[PDB]
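Student: This structure is in structure tokens; I'll ask about it shortly.
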Amino acid sequence: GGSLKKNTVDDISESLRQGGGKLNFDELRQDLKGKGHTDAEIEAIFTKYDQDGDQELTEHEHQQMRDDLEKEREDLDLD
Ligand SMILES: [Ca+2]
């Protein structure tokens, strides 16, 4: 709709919680692939958030996800 979908975060959030708030590209991706998530979609989300390019997504990176989602889909609309 805008930039990110709350539905996506739910998928990544759940898988992240299972790994202990921390997971690597390979582990999260496998957990994502088993849910029906495409590599392209995962790579975009992972690249988008993995600003450190450490090929790893942590609770910190995921935190921005929820924040970035609310600044767009929350507190505003038509502007
Ligand atoms: Ca990272």
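Every chain in the structure tokens has a letter given in the order shown (A, B, ...), and although residue numbers restart at 1 in each chain, ligands are simply numbered from 1 in the order shown.
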For residue 35 of chain A, work out the shell of residues within 12 Å, counting only C-alpha atoms and skipping chain neighbours fewer than 6 positions away, then give it as a VMD selection string.

Tutor: chain A and resid 8 10 to 12 14 to 15 28 to 29 42

Student: Counting only C-alpha atoms and all ligand atoms, what are the residues, protein, DNA or RNA alike, that approach ligand 1 to within 6 Å? I want them as a ChimeraX atom specification.

Tutor: /A:50-57

Student: Let me make sure I understand: among A:37, A:64, A:59, A:6, which one has the smallest atom-to-atom distance to residue 23 of chain A if we use only C-alpha atoms?

Tutor: A:59

Student: From the set A:16, A:44, A:32, A:4, which residue has the shortest atom-to-atom contact distance to residue 72 of chain A, counting only C-alpha atoms?

Tutor: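 Distance minimum relative to residue 72 of chain A lands on A:4.
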
Student: Pick out the closest residue to residue 7 of chain A from this set: A:74, A:40, A:49, A:66. Count only C-alpha atoms.

Tutor: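 Of A:74, A:40, A:49, A:66, the one nearest residue 7 of chain A is A:66, counting only C-alpha atoms.
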
Student: How many Å lie between atom CA of residue 71 of chain A and atom CA of residue 9 of chain A, rounded to one decimal?

Tutor: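 Here the two named atoms are 14.3 Å from each other.
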
Student: Can you work out the spacing between atom CA of residue 3 of chain A and atom CA of residue 68 of chain A in Å, to one decimal?

Tutor: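 Atom CA of residue 68 of chain A lies 8.8 Å from atom CA of residue 3 of chain A.
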